[PDB]
């Protein structure tokens, strides 16, 4: 029989990406035939709880995915290999999310990239707007704003009147300008970062601050006063509403991430493209998130783990994760396979990546986060419906969100 290979295990939570890794590792083992890599797919819902007990019990895989909201505890407690290499070919946003105490604690694998603005070029042309104009847009609570008049021109009622025109009837809107809504990823986290505010800090909700107040007041205005985005009752409990209106030819600008590329490309019958995120008072600040693979410091085969991590961080190894156009390599030299997948389909994905070259805001998360996000949602729904006031809602919602998180964490300790 042939020689026994050293077996390295890799843990993750995403089924299609697990399938791409299996392809990547088959290629690794052809050139490194002394090592066999096995993937271990564990469901996301219990991933971090099960990792914590496996690592504590000395039964964790050799390599495992981490997110920004959970890596620190592992790094601080010596559970992770230091990643000792230059980071120049790795997405900086992802490197930054796994750097602690001056050390990088995982090999960047995937990025969400940034948020951008899908546009219906036929509706822009109908309004006399060139697609290039959508890259010049600025939102502001002050007189320097240019987003609001653009959105008003792109919002039209059944009689053909735009949102800026006397006699416009918001009850009879047939086409919206935009998708402002109670939507953290596509909308409000970007508005908060673009106003210099935070959403989460040190594991707690922290969105009751001046930057966030400005962001939410602007969004409440777009929806309830300008009528350039759908009423909040259409979007508060219905995360696909705006994408569905965009696909139906009823929305000019649709701000979203690369997660909307596949459904838009599959169904849109009109001419469409992607433009930059609008700049706010602190600049164009997008939400982003990344995933890195950490090496288990307790591995029985550390040299093999280091070889497998070098492969995973390489052009060839990481290209496998992007070649179906469904996930974005964090290795910069591997990103062309994702760009080329999309450009073959007529989509230039540049704006999702260009926005990362600036200030950013992290996607929030962490232990007990889901409980707190669930708690704030009814308060945010009323705010986006134009009821009460932004300041009093944010105060109350933050207290409710933190209380729900803390209960969940207390229940876990006991």
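Numbering follows the first chain given and starts at 1.
**Student:** Taking the recorded C-alpha temperature factors, which stretch has the higher mean, 309-317 or 188-196?
**Tutor:** Going by the record's values, the stretch with the higher mean is 309-317.
**Student:** Using only the Cα atoms and their B-factors as the entry lists them, report which of 166-174 and 211-219 averages higher.
**Tutor:** Higher of the two, by average CA B-factor, is 166-174.
**Student:** Just to confirm, going by the entry's C-alpha B-factors, which of 48, 380, 369, 352 comes out highest?
**Tutor:** Across 48, 380, 369, 352, the entry lists the biggest C-alpha B-factor for 48.
**Student:** Given 225, 91, 76, 183, identify the residue with the highest C-alpha B factor in the PDB entry.
**Tutor:** Out of 225, 91, 76, 183, the record gives the largest C-alpha B-factor to 76.
**Student:** For residue 342, does the deposited CA B-factor place it in the lowest, middle or highest third of the chain?
**Tutor:** For residue 342, whose C-alpha B-factor we compare with every modelled residue in the chain, the answer is the lowest third.
**Student:** Please rank the C-alpha B-factors of the chain's modelled residues and tell me whether residue 131 sits in the lowest, middle or highest third.
**Tutor:** Residue 131: CA B-factor falls in the highest third of its chain.
**Student:** Could you place residue 104 in the lowest, middle or highest third of its chain by Cα temperature factor, using the values in the record?
**Tutor:** Residue 104: CA B-factor falls in the middle third of its chain.
**Student:** Using only modelled residues of the chain, where does the Cα B factor of residue 272 rank: lowest third, middle third or highest third?
**Tutor:** Its C-alpha B-factor, which the entry lists for residue 272, ranks in the middle third among residues of this chain.
**Student:** Can you work out whether the C-alpha temperature factor of residue 71 puts it in the lowest, middle or highest third of the chain?
**Tutor:** As the PDB entry reports it, the C-alpha B-factor of residue 71 lands in the highest third of its chain.
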